[PDB]
Structure formats: C-alpha cells, structure tokens
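Written below as structure tokens is the structure these notes are about.
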Amino acid sequence: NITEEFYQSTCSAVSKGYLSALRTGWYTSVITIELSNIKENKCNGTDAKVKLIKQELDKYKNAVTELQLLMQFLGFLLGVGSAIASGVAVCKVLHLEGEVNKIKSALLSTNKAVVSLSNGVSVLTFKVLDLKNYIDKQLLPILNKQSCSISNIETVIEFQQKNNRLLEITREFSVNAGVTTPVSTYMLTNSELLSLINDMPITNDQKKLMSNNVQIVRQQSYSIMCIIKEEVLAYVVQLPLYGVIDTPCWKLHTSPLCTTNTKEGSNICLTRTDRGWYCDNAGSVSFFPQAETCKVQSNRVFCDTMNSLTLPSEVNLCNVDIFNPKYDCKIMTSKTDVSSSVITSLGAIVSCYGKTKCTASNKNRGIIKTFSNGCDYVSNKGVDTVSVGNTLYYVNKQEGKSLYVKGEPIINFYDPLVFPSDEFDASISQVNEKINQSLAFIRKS
Amino acid sequence: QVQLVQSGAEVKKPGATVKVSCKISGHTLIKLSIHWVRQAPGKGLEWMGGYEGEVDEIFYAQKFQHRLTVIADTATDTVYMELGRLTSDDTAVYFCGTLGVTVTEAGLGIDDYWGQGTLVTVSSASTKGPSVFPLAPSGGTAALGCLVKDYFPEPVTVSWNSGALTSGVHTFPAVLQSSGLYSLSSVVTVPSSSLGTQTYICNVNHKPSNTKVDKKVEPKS
Amino acid sequence: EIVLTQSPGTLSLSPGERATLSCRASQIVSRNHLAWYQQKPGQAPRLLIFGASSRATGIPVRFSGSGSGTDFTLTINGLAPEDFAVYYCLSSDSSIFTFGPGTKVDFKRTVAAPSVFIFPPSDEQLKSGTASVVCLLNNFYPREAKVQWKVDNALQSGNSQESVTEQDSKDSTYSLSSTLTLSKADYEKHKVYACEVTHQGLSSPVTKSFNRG
Ligand SMILES: *[C@@H]1O[C@H](CO)[C@@H](O)[C@H](O)[C@H]1NC(C)=O
C-alpha cells in the first residue's frame, strides 16, 4: 500500500505510505569471553599433532596479547553527538574495581544473567565462549609438562573450531580500533542477538520489529572493546531501542527548477531544500535530510534521530501550498540550469533544461515518451528505464499508484531582474524580503 | 634447567631411621609428581611411595605404609622420605623420580626428572680394613688372583704390579657377606711360562680405613 | 595386586637388529598408565615410552611402543650401541606404581665356553679359622652359567656366593667367581673339593677339583 504524488509546480515529489522505525535511544549489553591466563608452555616435543596445537595455542596467546595492547541536504543544520557515548559510558563503569567480579559471579553457573551495575543500570550480560574450560581443564596440564602427547587428530580440528571465533573477534577489533559497525555475526550470532532482544526490557511490539530486521538491527548497532581483566574478556554491544514505531512516514524528493529561456545564462533557478525523510513523532515531524542514513526495508523506514531536525507539523503544509502563512518553507537559489533526473519511490523526476535530450523508455521498446524542456515526471507504471543525457536511470519496479498534481511552475512568478542567485540557505519569506530590499529600494531611488 | 639433588650417602644400624632429601631447582613442587624408587644391589626397581603435587596427596605401597612417611615442603621445593625399622633388606639406592602421569581428554603428559640417588647401607658394622689372601696358580695360560675379604664399608680398589699389569685382569664386584662385611676377588690370567720369572703383586687400597696392602702371589705346588 | 612379568630375561642382539621386549600384567592395566624406562649401570632410570605408544621428548624414532589390556611391547627398530642396558616397564592403577622384573639387552657374541679355575684356601687364611674356596669361571658367553660345589661328592648348599662381572667391553664375555666359605673345622674334616660348571658352551659339565693335602 504505497502512494506517491508529484507537484508540477515545485519540481518535487512526496512518497506516502511508509511505516516508522525511529531510533530514539540505545541499549547496552556486556558480552564476555572467559579467557585463560597461560604462558610459555614446557612441552617441546616434535609430535606432528603437538606442534599443531602448540602453534594453534600461540594463535590464542597472541590474539589476547593484541587486545591487551589496545587497552594500553541540510546536514549542516544537524547537531553533533557521540554515537557510542552510551556504550563508552557503560565501558568506564566496567573499569571500577569490583565491577568485573560481579559479572563473573553472576555468570558463574549460567550463560546469561541480568546484572545491576554500580550506577543503577540493569544490563543484560552474556558469556559466549568457553575457551578457559577447554584449555585450562583439558589442554594446559599436558603442555605445561616435559613431554606431552595428543590422543586424537580430531582434537586438533576441534580446537580450531573453538579458537576460530576468538581470532575473528580480534581481527575486527584490531582493524577498527576497538569499535566496529555493523556488528558482525562474529560479535553476535543470530541466536545470541535474538535472545538479547527477547529479554530486553522493551515492548512486545518492539521485539517483534527487531526480530524481523536483524540485518538492520546490526547496521544500527555498535560493538565496543572494553576491558580484558583477570580472566575475563568483555566487550560492550550497543543495541538500538526504537521508541517511535508505526507512525506514518513520507519521503520528499527534490530536483533543481529553473526557467525555460533559450539563451545562455538568462535563467534563474530555485530548488526545494527540504528533501529527505519525514515521520510523525510526538506531535512534531522529525526531518532527516540525509536519506542515506535511513534504510528502507519493504515499507518500513529505519532512521536515526541523531541525523534529524525536530520541526513543527506545519512543514507538511509546504507540499500543497508552498507559500502559506504558518510555516516558512526553505529554498535555495542559483542560476545553474543543468539537467538532472531524480528517481523517486514510484517514478522519476525529469528536469530537462538546455540542449539535454531527455526521454523515458520501456523494456519492450525504448523512448516511449519524450520530455520537453522543464521539470516533468512520469510514473513507474509501464516505464522501466529513463534517460537524461548520457546517464540512464533504472526506475524502481515496485508497484503502487501514482497521482500527477498539476500547477504553474513557481519560477515564472519571479522577476529575474535583481533575483539574488547565491542564497544557499534561505526561505520564501526571506526571498520576498530579498525582493523588497532590491525591488522597493531601487524603485524609490 | 630442572635439577633434582638428593642427600648424601647414609650408613644406618639395624632398627634405625633414615631421612633422604630431594631438593628441586628450576621447578615448583605444586606442579610436580615426586615418587621414591629404590634399587637393592644387583636387583630390580621397586616403588615405595610418592607425592602428587597437583592433588597434594601422599601415596604409599602397602608393603611400606606402616613404616614410611613422605613429607612435601612447598616453600623450599623439598621432598623427604623417612623409613624406619631398617633391616639388611633395606640396603639399597634410593631415587626420587617424577613418575606421575596426568591424563585429560585431549591427551596426556609426563615429567621425566630424576635425582642422582642416595645410597643407604644398613649393617651393624664399623669401618674395617680387609685381609688379603692369595689365590695361587697351579695348560698354556694360568690364572691367579687376590681375595679381599672382610672389609666395610665399600669400596675397595685393586691394581696389579702397581698398575703395570692390566691385560687379563678381572676385579669382581664385592658381595655383602652374612657377617655384614663386604668381600671381593680380583683375578688375572697370565701365560703359565711367566709364573717362574715375573712377580705378580696385587695392590689393594681401602681408603675408609687407610688400609693399603701389597700382597705377593707366588705359585704353590 | 598387579604383578608384571617381562620376557625374555636376557635379550642378545647386535647393533642394527630389531629388539622386541615384552611386559605382561596379571590384570588389565590402563593404556595411558604404562611406561618404558631405560637404566644403564650407575645412572638413574630414564623414560623412553609413556602412555603405551607415545614417545618421550627427545627419544629417537627407533623407539616405539604398543600394547593394550595385559600385553605390551617396546620395539627398538635397529639397536644402537648406547641402547644396550636394562629396560623396565612401569604400570600404574589409581596412583599405585609397580615395576616389571626387567629385560637385559646383551651384546651378541659367538658362544664361548668358560675357562674354569679352582683356588684352595691359602694357609694364611686357615690360621684365622675360616677357609675360602674360590671357583673362577673366566671369559665366557652367554651369561647363563650354573656352578655346583661338591665336598667329598656331597652337594654343598647355602655356603656360597657368586659375583659376576659386567660384559667385557672388548670381547663381550662374562666372568664369574663362586666363593665357598667354610669354618676351619669343616674344611679340615673333608678331602675332595670340587667345582662343577654347566654352560651351553660345554657339551657336558666340567669339574675342577683338588685334594686338601
Ligand atoms: C622449551 O622448554 C623450555 C622449558 O622446558 C621453555 O622455556 C621453552 O620456551 C621451550 N621452547 C619452545 C620453543 O617452546
């Protein structure tokens, strides 16, 4: 159930029918891998199987040494936060003398425990791998002797299975300076991530959504290497909590809009600079100017408030009547009359200024409709490919209904006489005052 | 560089009690197995008891459990054996050795560290110099020798003609007589034709008693 | 209790030949808990093979272990000169250690019968009250030899002690001294003092005797 409208007046398109999945806050969890305080062993035999585990154990001993070494459009309007601050905060909580013992004592006999830290926060805690119970109990007392013998070849292979995950965890942390994203299946397997979500202090609708899009729960999560103390290796996974769900969203698409004069440099240009994602949130509209930070799965839209503006709900009025009394819609000015196509959810915006040859094609027979010079639009219904100049555009073959909103292009309402052509961030009531300053004042003189 | 150094040789009287040490250098006692193994003269190896450092338990064979104690001092890496009510059957060389084997599912390991041994001679005897009695010769090659009898303690050295005669000499190992004194023979085979010209003397030295005897061995018919 | 037996008593082989030493248990012993030790005269035991077939650190490849249940086998595939010593097997059940009798690896020589010599007691020793009769078995091979004393054709029992030399480093032979110890009374009350020697090298036994006069 997806719909889309295009405004012939403003060279812009709105795509309604998308559901919200906003990331309001973060949740922190503490992953642990119990380790093995082990030194240079004593057995120096030449048995083929022994030299295999002797070098495999050095992979464990050096992987620990490596982590130990670590611990010694309007994006200019957006704010600046520290995404991993919540996880780094929990990390420094784990430094305090006694905080690591609480985790091991609560993980002494179970592989999952709810620990209340010093600062009065309950964090889900996970013990993920038993290398200590295998190396200390079955492997170390043989190597730390003079001569040592390995029973089975299958023991070597079984060791490689156990040691592999720890090496691949170290591999990511060594290459990402202790902070990795998206959180790989090594830092958290689907079985572990889903058991986290089901036991997070969150809503049953909140778990329903996370479970269906774990591939997007991963891209919006961080894993932070924290401490390796005593015989414990703990790294914090910072999972998102979605506090605004199932509200209606809509995506605005904008392209340059110029006059249609034939002579060079005789054209004035205007472009709507409020494109991006919009979703209803507590009576206001959260505007994400960077649509790249939002991720679209089917009709669900996962965004991060860190890349949002909290705007009044009057911004929605900027679609029907652009001027209006309530909200002052934002626009940029220029004189660059260059053709460019923008692909929307159910179509593609066509701006064909100049000598550019712009057309819309079908896979049975291309170039079914031709565009005159100006900013026009055609639905994806029946159209497969679109060409503007030397750039061929493939239109989204997603189904849905289209609606063409007709109107006179707004650029014809402006006198190109003293039209300010270098207003990067301005607005309509600011453009009209930019008119009166060069209209009224020059008239009186 | 692990090294196990035992106490020195002991001489004890019947019914006494001997203490033998095993000091550990280059290693720790709490990770080691230390067992005592003795070897009577000319006989096989016999296990007595030991201590498993990993479990901190002391084991004894039932043959010696009533009169043997093993002690483990972890602070000085020293293990002792204490064996009382000694008899002549206890005269043996006592070794400390890492016999223990540790087994797990991945495999099994063992230590092989040994001391130098500690000799314990048990007889009711004092130091005594030997008497030297001749074994006088009577086809083409003739045999003669000396009988170094009734001395204590070991050992006794024998040469022939002050070391000049070496070919054909056979100095036997001493045996422990029922008297509590050792005794051995040394023999040499010579051409019978030389019995009339070359003089054969055996030079016996028993340093524990400062006894040296040169005994001339003449033919007897 | 566990009683371990080994066979043969003495194994006679030359360098380059294969040694095969057995160790057998009165009851089943754990394969992890059977070891093979080497001991040369004057030295402490040395571990060769532990855990039945596993080889100790720094033991040549020629040493191989095998066996299970009650029968075990140490196999030296090409004897080296330093390998001629005594080899003991060692079992353990619940930290209770037990050692085998011992198998001795001998230098194989052509069979050589013993030169037998018999020595009366010197008159100097008789004046002290004790008479030592010595019977010498000189430079022979193999070591298996039996000495019998006959005083006036009466079989002597309980009054003799044998001493064997180590296998001579040059000719690979043995020498043995049997010593008959009598009181001066008992040595004067009889006439014929005879030393009887049996050995594989002699088709029939050899007897050397003297009269007291
Ligand atoms: C050999 O063993 C010694 C101690 O027995 C140990 O310190 C050393 O690291 C070992 N060599 C190798 C290459 O592991």
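Chain identifiers are assigned as A, B, and so on, following the order in which chains appear in the structure tokens; residues are numbered from 1 within each chain, and ligands are numbered from 1 in order of appearance.
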Which residues of chain A have any atom within 9 Å of an atom in ligand 1 when counting only C-alpha atoms and all ligand atoms, and what is the closest pair of atoms for each, with the distance in Å to one decimal? Order the rows by chain and rising number and write it as a tab-separated table.
residue	atom	partner	partner_atom_place_in_ligand_line	distance
A:40	CA	ligand 1	9 (O)	5.5
A:41	CA	ligand 1	6 (C)	6.3
A:42	CA	ligand 1	5 (O)	4.3
A:43	CA	ligand 1	2 (O)	6.0
A:44	CA	ligand 1	1 (C)	5.0
A:45	CA	ligand 1	1 (C)	8.7
A:54	CA	ligand 1	14 (O)	8.2
A:144	CA	ligand 1	5 (O)	8.5
A:145	CA	ligand 1	5 (O)	7.9
A:146	CA	ligand 1	5 (O)	6.3
Note to self: Please return, as a PyMOL selection string, all residues of region 175-326 of chain A that DSSP assigns to strand (DSSP E or B) on the basis of the backbone.
What the structure shows: chain A and resi 179-180+222-229+232-241+244-254+257-258+269-272+276-281+284-288+295-297+300-304+309-311
Check: For chain C against chain B, which residues fall within 8 Å using only C-alpha atoms, given as a ChimeraX atom specification?
Finding: /C:32-33,43-47,50-51,95-102,117,119-122,124-125,134,161-165,175-177
Written selection (N, CA, C and O atoms) as a short mmCIF file (atom, residue, chain, number, x, y, z; two decimals), in the first residue's frame:
data_model
loop_
_atom_site.label_atom_id
_atom_site.label_comp_id
_atom_site.auth_asym_id
_atom_site.auth_seq_id
_atom_site.Cartn_x
_atom_site.Cartn_y
_atom_site.Cartn_z
N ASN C 32 47.04 -45.54 29.14
CA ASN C 32 47.70 -44.29 29.49
C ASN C 32 48.77 -44.48 30.56
O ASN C 32 49.69 -43.65 30.65
N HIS C 33 48.67 -45.53 31.36
CA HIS C 33 49.47 -45.68 32.57
C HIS C 33 50.47 -46.83 32.46
O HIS C 33 50.71 -47.56 33.43
N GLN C 43 73.41 -45.15 36.82
CA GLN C 43 72.60 -43.98 36.50
C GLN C 43 71.17 -44.18 36.97
O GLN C 43 70.75 -45.29 37.31
N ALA C 44 70.42 -43.09 36.99
CA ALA C 44 69.01 -43.15 37.33
C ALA C 44 68.21 -43.64 36.13
O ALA C 44 68.67 -43.58 34.99
N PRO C 45 67.00 -44.16 36.38
CA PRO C 45 66.14 -44.56 35.26
C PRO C 45 65.83 -43.39 34.34
O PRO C 45 65.85 -42.23 34.74
N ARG C 46 65.56 -43.73 33.08
CA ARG C 46 65.29 -42.76 32.03
C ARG C 46 64.04 -43.19 31.28
O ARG C 46 63.93 -44.35 30.89
N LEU C 47 63.11 -42.26 31.07
CA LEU C 47 61.86 -42.58 30.40
C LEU C 47 62.06 -42.61 28.89
O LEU C 47 62.64 -41.70 28.31
N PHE C 50 56.05 -43.43 27.15
CA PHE C 50 54.99 -43.29 28.14
C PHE C 50 53.65 -43.44 27.44
O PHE C 50 53.54 -43.29 26.22
N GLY C 51 52.62 -43.73 28.23
CA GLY C 51 51.29 -43.92 27.68
C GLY C 51 51.26 -44.93 26.56
O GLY C 51 50.74 -44.65 25.48
N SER C 95 47.21 -44.45 41.02
CA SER C 95 48.42 -43.92 41.65
C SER C 95 49.11 -44.97 42.51
O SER C 95 49.65 -44.67 43.58
N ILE C 96 49.11 -46.22 42.05
CA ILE C 96 49.82 -47.31 42.70
C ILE C 96 50.78 -47.89 41.67
O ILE C 96 50.36 -48.58 40.73
N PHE C 97 52.07 -47.61 41.84
CA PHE C 97 53.07 -47.90 40.82
C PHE C 97 53.69 -49.27 41.05
O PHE C 97 53.92 -49.69 42.19
N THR C 98 53.97 -49.97 39.95
CA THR C 98 54.53 -51.31 40.01
C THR C 98 55.49 -51.48 38.83
O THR C 98 55.14 -51.15 37.70
N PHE C 99 56.66 -52.03 39.12
CA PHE C 99 57.73 -52.17 38.10
C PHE C 99 57.91 -53.62 37.70
O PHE C 99 57.78 -54.51 38.52
N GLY C 100 58.25 -53.83 36.43
CA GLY C 100 58.50 -55.17 35.88
C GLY C 100 59.83 -55.72 36.33
O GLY C 100 60.68 -54.96 36.77
N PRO C 101 60.02 -57.03 36.19
CA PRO C 101 61.25 -57.62 36.65
C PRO C 101 62.46 -57.00 35.94
O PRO C 101 63.38 -56.65 36.60
N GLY C 102 62.37 -56.82 34.63
CA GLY C 102 63.49 -56.25 33.86
C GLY C 102 63.96 -57.20 32.79
O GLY C 102 64.05 -58.40 33.07
N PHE C 117 88.86 -72.34 36.73
CA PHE C 117 90.00 -72.47 37.63
C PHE C 117 89.46 -72.55 39.05
O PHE C 117 88.46 -71.91 39.37
N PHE C 119 90.65 -72.46 43.26
CA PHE C 119 91.71 -71.98 44.13
C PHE C 119 91.48 -72.48 45.55
O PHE C 119 90.41 -72.22 46.12
N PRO C 120 92.44 -73.17 46.16
CA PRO C 120 92.28 -73.60 47.55
C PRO C 120 92.35 -72.41 48.49
O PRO C 120 92.68 -71.29 48.06
N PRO C 121 92.05 -72.60 49.78
CA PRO C 121 92.33 -71.54 50.75
C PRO C 121 93.81 -71.46 51.04
O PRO C 121 94.49 -72.48 51.19
N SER C 122 94.32 -70.24 51.10
CA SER C 122 95.71 -70.05 51.48
C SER C 122 95.90 -70.46 52.93
O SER C 122 94.98 -70.37 53.75
N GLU C 124 97.53 -68.90 55.04
CA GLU C 124 97.46 -67.71 55.87
C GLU C 124 96.04 -67.45 56.36
O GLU C 124 95.84 -66.97 57.48
N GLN C 125 95.04 -67.76 55.53
CA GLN C 125 93.65 -67.56 55.93
C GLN C 125 93.16 -68.66 56.86
O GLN C 125 92.32 -68.41 57.73
N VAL C 134 87.58 -70.61 46.24
CA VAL C 134 87.12 -69.77 45.14
C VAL C 134 87.16 -70.60 43.86
O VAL C 134 88.17 -71.25 43.57
N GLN C 161 78.55 -67.84 47.41
CA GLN C 161 78.11 -66.55 46.89
C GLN C 161 78.81 -66.29 45.56
O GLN C 161 80.04 -66.40 45.47
N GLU C 162 78.04 -65.94 44.54
CA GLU C 162 78.58 -65.67 43.22
C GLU C 162 78.67 -64.17 42.96
O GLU C 162 77.85 -63.38 43.45
N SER C 163 79.67 -63.78 42.17
CA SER C 163 79.85 -62.41 41.73
C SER C 163 80.16 -62.42 40.24
O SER C 163 81.07 -63.14 39.81
N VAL C 164 79.40 -61.65 39.47
CA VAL C 164 79.53 -61.61 38.01
C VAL C 164 80.08 -60.26 37.59
O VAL C 164 79.69 -59.22 38.13
N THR C 165 80.99 -60.28 36.62
CA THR C 165 81.47 -59.04 36.05
C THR C 165 80.52 -58.54 34.97
O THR C 165 79.69 -59.28 34.44
N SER C 175 82.66 -63.13 33.25
CA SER C 175 83.48 -63.85 34.21
C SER C 175 82.74 -63.91 35.53
O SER C 175 82.05 -62.97 35.92
N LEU C 176 82.86 -65.04 36.21
CA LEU C 176 82.08 -65.30 37.41
C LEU C 176 82.98 -65.94 38.46
O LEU C 176 83.78 -66.81 38.14
N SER C 177 82.82 -65.51 39.70
CA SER C 177 83.56 -66.08 40.82
C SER C 177 82.56 -66.61 41.84
O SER C 177 81.76 -65.84 42.37
#
Check: Within 10 Å of residue 348 (chain A), counting only C-alpha atoms, which residues qualify if same-chain residues fewer than 2 places away don't, as a list in words?
Finding: residues 6, 13, 253, 341, 342, 343, 344, 345, 346, 350, 351, 360, 376, 377, 378, 379, 380, 383, 385, 386, 393, 394, 395 and 396 of chain A
Next item on the list: Go through B:205, B:163, B:105, B:126 and flag the residue nearest residue 136 (chain A), using only C-alpha atoms for the distances.
Entry: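 Of B:205, B:163, B:105, B:126, the one nearest residue 136 (chain A), counting only C-alpha atoms, is B:105.
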Next item on the list: Please report, as a PyMOL selection string, each residue of region 167-415 of chain A to which DSSP assigns helix (DSSP H, G or I) when run on this structure's backbone.
Entry: chain A and resi 167-176+190-198+204-212+214-219+305-307+313-319+410-413
Item checked: Length of the CA of residue 192 (chain C) to CA of residue 210 (chain C) vector [Å] ->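 So the answer is 6.1 Å.
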